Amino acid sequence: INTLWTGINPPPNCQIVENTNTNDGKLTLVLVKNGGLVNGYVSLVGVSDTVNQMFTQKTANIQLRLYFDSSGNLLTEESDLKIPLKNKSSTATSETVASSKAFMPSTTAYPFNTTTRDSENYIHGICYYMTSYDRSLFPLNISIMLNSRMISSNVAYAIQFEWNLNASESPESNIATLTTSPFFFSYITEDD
């Protein structure tokens, strides 16, 4: 049960836009309990042509905000991911809510809405986008927020993924199925 994910290759379960009437992408998130820290693995695959065109320009920004409750269960209504996470006990969602907080980011490490302590609970790094026709690689800046702020009375934990493109003439086409490359990461996990 040391794993909590989206599933290997899942169906469209994102909402890359503050409008979209449905799911436009395909987030693949794999969290694994490693004692003190949690092991991250993140990768996005745009499903909606609207999201598949964003890159067509020269600069873009996609961010997905995830919110959990006090027991580490995804809150579909609040968070951009609209499909619950499950812990691989098959490849199918495992039952027995034995607490998923084990995968939750320590609020003592990653404090909520605090000043005189300014953010300093960010994850920064680079992932890459492989060009449609040409197989080139454009570096897109990725950063994980971690307990951004609780927008809801029922938000106890938060993990936010933000990809930022800012190059000179991205793939001008659409075959740009937009595929962010895997971004490996870790964060101090919540106590028990």
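Position 1 is the first residue in the sequence shown; the rest follow in order.
Legend: mean Cα B-factor per stretch from the PDB entry, 101 to 109 versus 86 to 94; the higher mean is in 86 to 94. In this entry, the residue among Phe68, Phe55, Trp163, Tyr129 with the greatest C-alpha B factor is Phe55. Remark: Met150 belongs to the lowest third of its chain, ranked by C-alpha B-factor as recorded.
Remark: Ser181 belongs to the lowest third of its chain, ranked by C-alpha B-factor as recorded. Sort the chain's modelled residues by C-alpha temperature factor and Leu64 lands in the middle third, per the entry. Ranked against the other modelled residues of its chain, the C-alpha B-factor of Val47 as given in the entry falls in the highest third.
Among all modelled residues in its chain, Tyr133 ranks in the highest third by Cα B-factor.
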